[PDB]
$ cat work.csv   # CSV, C-alpha atoms and all ligand atoms
chain,number,residue,atom,x,y,z
H,1,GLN,CA,29.7,-10.7,-4.4
H,2,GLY,CA,27.2,-13.5,-3.9
H,3,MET,CA,25.4,-11.3,-1.3
H,4,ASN,CA,24.9,-7.6,-1.6
H,5,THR,CA,25.6,-5.5,1.5
H,6,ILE,CA,23.9,-2.7,3.4
H,7,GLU,CA,26.3,-0.3,1.8
H,8,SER,CA,25.9,-1.5,-1.8
H,9,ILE,CA,22.1,-1.4,-1.6
H,10,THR,CA,22.3,2.1,-0.2
H,11,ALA,CA,24.5,3.1,-3.2
H,12,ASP,CA,22.0,1.6,-5.6
H,13,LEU,CA,19.1,3.5,-3.9
H,14,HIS,CA,21.0,6.7,-4.2
H,15,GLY,CA,21.8,6.1,-7.8
H,16,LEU,CA,18.1,5.5,-8.4
H,17,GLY,CA,17.4,9.0,-7.0
H,18,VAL,CA,16.6,8.3,-3.3
H,19,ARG,CA,17.8,11.3,-1.2
H,20,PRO,CA,18.2,12.2,2.5
H,21,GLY,CA,14.9,13.6,3.8
H,22,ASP,CA,12.7,11.7,1.3
H,23,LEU,CA,9.4,10.1,2.1
H,24,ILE,CA,9.5,6.7,0.4
H,25,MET,CA,6.7,4.2,0.1
H,26,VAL,CA,8.4,0.8,-0.8
H,27,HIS,CA,6.9,-2.2,-2.5
H,28,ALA,CA,9.5,-5.0,-2.8
H,29,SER,CA,10.1,-8.5,-4.0
H,30,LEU,CA,13.0,-9.4,-1.8
H,31,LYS,CA,13.6,-12.5,-4.0
H,32,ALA,CA,14.2,-10.2,-7.0
H,33,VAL,CA,16.4,-8.0,-4.9
H,34,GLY,CA,18.4,-11.2,-4.2
H,35,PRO,CA,20.6,-12.2,-1.3
H,36,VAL,CA,21.7,-9.4,1.0
H,37,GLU,CA,23.9,-9.9,4.0
H,38,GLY,CA,21.6,-10.0,7.1
H,39,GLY,CA,18.5,-10.6,5.0
H,40,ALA,CA,15.4,-8.4,4.8
H,41,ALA,CA,16.4,-6.5,7.9
H,42,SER,CA,19.5,-5.2,6.0
H,43,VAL,CA,17.3,-3.9,3.2
H,44,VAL,CA,15.5,-1.8,5.8
H,45,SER,CA,18.9,-0.6,7.1
H,46,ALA,CA,19.9,0.4,3.6
H,47,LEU,CA,16.7,2.3,3.0
H,48,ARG,CA,17.2,4.1,6.3
H,49,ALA,CA,20.8,4.9,5.4
H,50,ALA,CA,19.5,6.2,2.0
H,51,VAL,CA,16.8,8.6,3.5
H,52,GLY,CA,18.7,9.6,6.7
H,53,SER,CA,17.3,10.3,10.1
H,54,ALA,CA,15.0,13.0,8.5
H,55,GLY,CA,13.4,10.6,6.0
H,56,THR,CA,10.4,8.5,6.4
H,57,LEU,CA,9.8,5.0,5.0
H,58,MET,CA,6.4,3.6,4.5
H,59,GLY,CA,4.8,0.3,3.5
H,60,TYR,CA,1.5,-1.3,2.9
H,61,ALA,CA,1.3,-3.9,5.6
H,62,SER,CA,-2.4,-4.9,5.7
H,63,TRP,CA,-3.0,-8.1,7.8
H,64,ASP,CA,-2.4,-11.9,7.3
H,65,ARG,CA,-5.8,-12.6,8.9
H,66,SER,CA,-8.1,-10.0,7.5
H,67,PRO,CA,-11.7,-11.1,7.0
H,68,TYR,CA,-12.1,-9.1,3.8
H,69,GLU,CA,-13.5,-11.8,1.5
H,70,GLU,CA,-15.3,-13.6,4.3
H,71,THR,CA,-17.3,-10.4,4.9
H,72,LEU,CA,-17.4,-9.0,1.4
H,73,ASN,CA,-20.5,-7.4,0.0
H,74,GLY,CA,-23.0,-8.6,2.7
H,75,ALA,CA,-21.7,-12.2,2.6
H,76,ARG,CA,-23.5,-14.5,5.1
H,77,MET,CA,-20.4,-14.5,7.2
H,78,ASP,CA,-20.5,-18.1,8.5
H,79,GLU,CA,-20.9,-17.8,12.2
H,80,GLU,CA,-19.4,-21.3,12.2
H,81,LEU,CA,-16.5,-19.1,13.2
H,82,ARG,CA,-18.2,-18.3,16.5
H,83,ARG,CA,-16.2,-15.1,16.3
H,84,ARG,CA,-12.8,-16.3,17.6
H,85,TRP,CA,-11.3,-14.5,14.7
H,86,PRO,CA,-7.9,-13.2,16.1
H,87,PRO,CA,-8.1,-9.5,17.1
H,88,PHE,CA,-6.1,-7.0,15.0
H,89,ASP,CA,-3.2,-6.0,17.3
H,90,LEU,CA,-0.9,-3.4,16.0
H,91,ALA,CA,2.3,-4.8,17.5
H,92,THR,CA,1.7,-8.6,17.0
H,93,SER,CA,-0.5,-9.2,14.1
H,94,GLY,CA,1.2,-10.4,10.9
H,95,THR,CA,1.3,-8.6,7.6
H,96,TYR,CA,-0.4,-9.7,4.5
H,97,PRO,CA,2.4,-11.8,2.8
H,98,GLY,CA,1.2,-10.8,-0.7
H,99,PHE,CA,2.6,-7.2,-0.2
H,100,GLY,CA,6.1,-8.5,0.7
H,101,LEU,CA,8.3,-9.7,3.5
H,102,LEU,CA,9.8,-6.3,3.9
H,103,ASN,CA,6.7,-4.9,5.7
H,104,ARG,CA,7.4,-7.2,8.6
H,105,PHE,CA,10.9,-5.7,9.0
H,106,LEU,CA,9.7,-2.1,8.6
H,107,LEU,CA,7.4,-2.9,11.5
H,108,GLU,CA,10.5,-4.1,13.5
H,109,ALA,CA,12.5,-0.9,12.6
H,110,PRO,CA,13.1,1.5,15.6
H,111,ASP,CA,10.0,3.6,16.5
H,112,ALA,CA,8.0,2.3,13.6
H,113,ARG,CA,4.2,2.9,13.9
H,114,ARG,CA,1.3,1.0,12.3
H,115,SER,CA,-2.1,2.3,11.3
H,116,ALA,CA,-5.3,0.9,12.8
H,117,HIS,CA,-7.3,0.0,9.6
H,118,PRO,CA,-6.8,-3.7,9.8
H,119,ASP,CA,-7.4,-4.5,6.1
H,120,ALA,CA,-5.6,-1.5,4.8
H,121,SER,CA,-3.0,-1.2,7.6
H,122,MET,CA,0.1,0.9,6.8
H,123,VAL,CA,3.5,0.9,8.5
H,124,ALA,CA,5.6,4.1,8.7
H,125,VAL,CA,9.0,5.0,10.3
H,126,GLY,CA,10.6,8.4,10.6
H,127,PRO,CA,9.4,11.9,11.5
H,128,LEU,CA,6.1,11.5,9.6
H,129,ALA,CA,5.2,8.2,11.1
H,130,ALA,CA,2.2,9.2,13.3
H,131,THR,CA,1.2,11.9,10.7
H,132,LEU,CA,0.9,9.1,8.1
H,133,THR,CA,-0.6,6.3,10.2
H,134,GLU,CA,-3.4,8.3,12.0
H,135,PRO,CA,-6.2,8.6,11.4
H,136,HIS,CA,-7.1,5.5,9.4
H,137,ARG,CA,-10.8,4.8,9.5
H,138,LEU,CA,-13.1,2.2,8.0
H,139,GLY,CA,-14.4,3.8,4.8
H,140,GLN,CA,-11.1,5.7,4.3
H,141,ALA,CA,-8.9,2.8,3.3
H,142,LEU,CA,-6.9,4.3,0.4
H,143,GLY,CA,-8.8,7.5,-0.6
H,144,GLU,CA,-9.6,10.8,1.0
H,145,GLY,CA,-8.6,10.9,4.7
H,146,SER,CA,-6.3,7.8,4.3
H,147,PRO,CA,-2.6,7.6,4.9
H,148,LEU,CA,-2.2,7.7,1.0
H,149,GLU,CA,-3.7,11.2,0.9
H,150,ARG,CA,-1.1,12.4,3.4
H,151,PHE,CA,1.7,10.5,1.7
H,152,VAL,CA,0.8,12.4,-1.5
H,153,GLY,CA,0.4,15.7,0.3
H,154,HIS,CA,3.9,15.4,1.9
H,155,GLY,CA,5.6,14.8,-1.4
H,156,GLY,CA,6.2,11.1,-1.2
H,157,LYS,CA,8.0,8.9,-3.7
H,158,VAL,CA,7.0,5.4,-4.7
H,159,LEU,CA,9.8,2.9,-4.8
H,160,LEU,CA,9.3,-0.5,-6.6
H,161,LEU,CA,12.1,-2.9,-5.7
H,162,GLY,CA,11.5,-5.7,-8.3
H,163,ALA,CA,7.7,-5.4,-7.7
H,164,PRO,CA,5.5,-5.1,-10.8
H,165,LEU,CA,3.7,-1.9,-11.9
H,166,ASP,CA,0.4,-3.2,-10.6
H,167,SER,CA,1.7,-2.8,-7.0
H,168,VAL,CA,1.7,1.0,-7.1
H,169,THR,CA,-0.8,1.4,-4.3
H,170,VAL,CA,-0.9,5.2,-4.4
H,171,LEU,CA,-2.8,5.0,-7.7
H,172,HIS,CA,-5.7,3.7,-5.6
H,173,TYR,CA,-5.9,7.2,-4.2
H,174,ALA,CA,-6.1,8.6,-7.7
H,175,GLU,CA,-8.9,6.2,-8.4
H,176,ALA,CA,-10.7,7.5,-5.3
H,177,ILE,CA,-10.5,11.2,-6.2
H,178,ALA,CA,-11.0,10.9,-10.0
H,179,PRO,CA,-14.2,12.8,-11.0
H,180,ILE,CA,-15.7,10.1,-13.1
H,181,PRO,CA,-19.0,8.1,-12.9
H,182,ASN,CA,-19.7,4.4,-12.4
H,183,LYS,CA,-16.9,3.9,-9.8
H,184,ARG,CA,-17.2,0.5,-8.1
H,185,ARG,CA,-17.9,0.2,-4.3
H,186,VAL,CA,-17.7,-2.7,-1.9
H,187,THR,CA,-18.7,-3.4,1.7
H,188,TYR,CA,-17.0,-5.6,4.3
H,189,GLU,CA,-16.7,-5.9,8.1
H,190,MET,CA,-13.6,-5.6,10.4
H,191,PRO,CA,-13.0,-6.2,14.1
H,192,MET,CA,-12.4,-2.8,15.6
H,193,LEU,CA,-11.3,-1.9,19.2
H,194,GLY,CA,-13.7,1.1,19.8
H,195,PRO,CA,-14.6,2.2,23.4
H,196,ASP,CA,-12.2,-0.5,24.9
H,197,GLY,CA,-15.0,-3.0,25.3
H,198,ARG,CA,-12.8,-5.3,23.3
H,199,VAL,CA,-13.9,-6.2,19.7
H,200,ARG,CA,-16.8,-4.6,18.0
H,201,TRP,CA,-17.3,-5.7,14.4
H,202,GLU,CA,-17.9,-2.6,12.3
H,203,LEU,CA,-18.7,-2.1,8.8
H,204,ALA,CA,-16.9,-0.4,6.0
H,205,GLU,CA,-18.1,1.0,2.6
H,206,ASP,CA,-15.2,1.9,0.3
H,207,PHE,CA,-14.1,2.0,-3.3
H,208,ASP,CA,-13.3,-1.4,-5.0
H,209,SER,CA,-9.5,-2.1,-4.7
H,210,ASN,CA,-9.7,-4.9,-7.3
H,211,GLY,CA,-11.1,-2.8,-10.2
H,212,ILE,CA,-12.4,0.8,-10.0
H,213,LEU,CA,-14.5,0.3,-13.1
H,214,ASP,CA,-16.0,-2.8,-14.7
H,215,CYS,CA,-13.5,-3.1,-17.5
H,216,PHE,CA,-10.6,-3.0,-14.9
H,217,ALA,CA,-12.1,-5.8,-12.8
H,218,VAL,CA,-11.8,-8.6,-15.3
H,219,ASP,CA,-9.4,-11.4,-14.4
H,220,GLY,CA,-6.2,-11.9,-16.3
H,221,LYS,CA,-6.5,-8.3,-17.7
H,222,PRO,CA,-4.7,-5.2,-16.4
H,223,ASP,CA,-6.4,-3.3,-13.7
H,224,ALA,CA,-6.4,0.5,-13.6
H,225,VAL,CA,-3.3,0.8,-11.5
H,226,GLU,CA,-1.3,-1.2,-14.0
H,227,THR,CA,-2.9,0.5,-17.0
H,228,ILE,CA,-2.1,4.0,-15.6
H,229,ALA,CA,1.4,3.3,-14.5
H,230,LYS,CA,2.3,1.9,-17.8
H,231,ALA,CA,0.9,4.9,-19.6
H,232,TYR,CA,2.7,7.2,-17.1
H,233,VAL,CA,6.1,5.4,-17.7
H,234,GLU,CA,6.0,6.6,-21.4
H,235,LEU,CA,6.7,10.2,-20.2
H,236,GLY,CA,10.1,9.2,-19.1
H,237,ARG,CA,9.8,11.3,-15.8
H,238,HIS,CA,10.3,8.4,-13.4
H,239,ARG,CA,13.7,6.7,-12.7
H,240,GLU,CA,14.7,3.1,-13.4
H,241,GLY,CA,17.7,1.1,-12.3
H,242,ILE,CA,18.9,-2.0,-10.5
H,243,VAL,CA,18.8,-2.3,-6.7
H,244,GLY,CA,20.5,-5.5,-5.5
H,245,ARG,CA,19.5,-7.7,-8.5
H,246,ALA,CA,16.0,-6.3,-8.9
H,247,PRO,CA,14.8,-4.0,-11.7
H,248,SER,CA,13.5,-1.0,-9.8
H,249,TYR,CA,11.4,2.1,-10.3
H,250,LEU,CA,11.2,5.4,-8.4
H,251,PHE,CA,8.0,7.6,-9.0
H,252,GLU,CA,7.1,11.0,-7.7
H,253,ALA,CA,3.8,10.4,-6.0
H,254,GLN,CA,2.1,13.8,-6.6
H,255,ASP,CA,2.9,13.5,-10.3
H,256,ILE,CA,1.7,10.0,-11.0
H,257,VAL,CA,-1.5,10.6,-9.0
H,258,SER,CA,-2.1,13.8,-11.0
H,259,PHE,CA,-1.4,11.9,-14.3
H,260,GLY,CA,-3.8,9.1,-13.1
H,261,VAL,CA,-6.6,11.6,-12.4
H,262,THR,CA,-6.1,13.2,-15.9
H,263,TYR,CA,-5.9,9.8,-17.5
H,264,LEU,CA,-9.1,8.6,-15.9
H,265,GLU,CA,-10.9,11.8,-16.8
H,266,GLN,CA,-9.8,11.8,-20.4
H,267,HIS,CA,-10.8,8.1,-20.8
H,268,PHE,CA,-13.8,7.5,-18.6
H,269,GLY,CA,-15.2,10.9,-17.8
H,270,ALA,CA,-17.5,10.6,-20.9
H,271,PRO,CA,-20.2,8.3,-19.4
B,1,MG,MG,10.0,17.4,7.8

$ encode --input "work.csv" --output "structure tokens" --more "lines below"
Ligand SMILES: [Mg+2]
Amino acid sequence: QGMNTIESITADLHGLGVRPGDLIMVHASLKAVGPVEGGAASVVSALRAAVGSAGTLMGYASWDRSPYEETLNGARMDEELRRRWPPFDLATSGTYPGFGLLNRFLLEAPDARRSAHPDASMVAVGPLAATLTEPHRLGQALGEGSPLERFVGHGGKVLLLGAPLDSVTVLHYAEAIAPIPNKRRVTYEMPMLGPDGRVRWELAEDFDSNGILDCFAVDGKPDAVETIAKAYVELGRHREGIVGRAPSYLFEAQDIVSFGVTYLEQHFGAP
């Protein structure tokens, strides 16, 4: 039909390998998925149907008003602002649109929870929701201690619904743990909520999310996430298929992270 349905999307997910009980991190382009009856909310319903009440869904929500670049690497932050930057509120603050409209609807799903790192904020729904979303500290955006580390430890799977291979966020965790030199770092500041005296701008120091090494940080050229995912795809371990009208991928998170660490060691462990 012109519009896929909750049930037809659930069938496509199952055919791609999603199973009841799974922990799924989703990156979607809902335009690639195409019209579904009831819109993006019905895509969440289908995913929930696919993983059952025991499964957990997860998404990279971030924040539509994050001051990442405005505070990046000791930038003179322009107090022209006079600090009326909107506070990061877990329930009301918007998601970063670049990571997909679906994260807004995961947030609206029943009993969904959201992590407190404003720039790296994660949404999760299901038994593992609090486990995944707490703790989430400045300086632990995507690496050790982050929700990504626990997503990998709990056997998560990465679902791309028409999103490109560079959107595989769990490979930022592989970047963080890979025993190689010359890894790039950044610094920025975020409005925290500390000892309930409102906003306290606090500082983070973390690995660079836009290029872990110099050669991966060039514009117009593949970053490490894309480079590694493409190389991993050649093994034929992942699953591919259509969901709705979107070319889609399902990856085992432990395996692609382990591949990514191996890849980075074999290629950049020399310097
Ligand atoms: Mg369990």

$ residues_around --input "work.csv" --residues "residue 160 of chain H" --least-positions-apart "5" --cutoff "7 Å" --atoms "only C-alpha atoms" --output "ChimeraX atom specification"
/H:26-28,248-250

$ residues_near_ligand --input "work.csv" --ligand "ligand MG 1 (chain B)" --cutoff "10 Å" --atoms "all atoms listed in the file" --output "ChimeraX atom specification"
/H:21-23,54-56,126-128,154

$ closest_residue --input "work.csv" --among "H:108, H:79, H:70, H:89" --to "residue 42 of chain H" --atoms "only C-alpha atoms"
H:108

$ atom_distance --input "work.csv" --atom1 "atom CA of residue 20 of chain H" --atom2 "atom CA of residue 52 of chain H"
5.0 Å

$ closest_atom_pairs --input "work.csv" --of "segment 37-119 of chain H" --to "segment 167-171 of chain H" --cutoff "10 Å" --atoms "all atoms listed in the file" --output "tab-separated table"
residue	atom	partner	partner_atom	distance
H:59	CA	H:169	CA	9.7
H:60	CA	H:169	CA	8.0
H:99	CA	H:167	CA	8.1

$ closest_residue --input "work.csv" --among "H:77, H:142, H:109, H:47" --to "residue 123 of chain H" --atoms "all atoms listed in the file"
H:109

$ closest_residue --input "work.csv" --among "H:224, H:32, H:129, H:102" --to "residue 176 of chain H" --atoms "all atoms listed in the file"
H:224

$ residues_around --input "work.csv" --residues "residue 166 of chain H" --least-positions-apart "6" --cutoff "10 Å" --atoms "all atoms listed in the file" --output "list in words"
residues 222, 223, 224, 225, 226, 227, 228, 229 and 230 of chain H

$ closest_residue --input "work.csv" --among "H:62, H:5, H:258, H:103" --to "residue 36 of chain H" --atoms "all atoms listed in the file"
H:5

$ atom_distance --input "work.csv" --atom1 "atom CA of residue 131 of chain H" --atom2 "atom CA of residue 24 of chain H"
14.2 Å

$ atom_distance --input "work.csv" --atom1 "atom CA of residue 63 of chain H" --atom2 "atom CA of residue 194 of chain H"
18.5 Å

$ axis_aligned_box --input "work.csv" --around "segment 189-203 of chain H" --padding-each-side "8 Å" --output "JSON"
{"center_x": -15.0, "center_y": -2.0, "center_z": 16.7, "size_x": 23.4, "size_y": 24.4, "size_z": 33.2}

$ closest_residue --input "work.csv" --among "H:140, H:8, H:254, H:262" --to "residue 37 of chain H" --atoms "all atoms listed in the file"
H:8
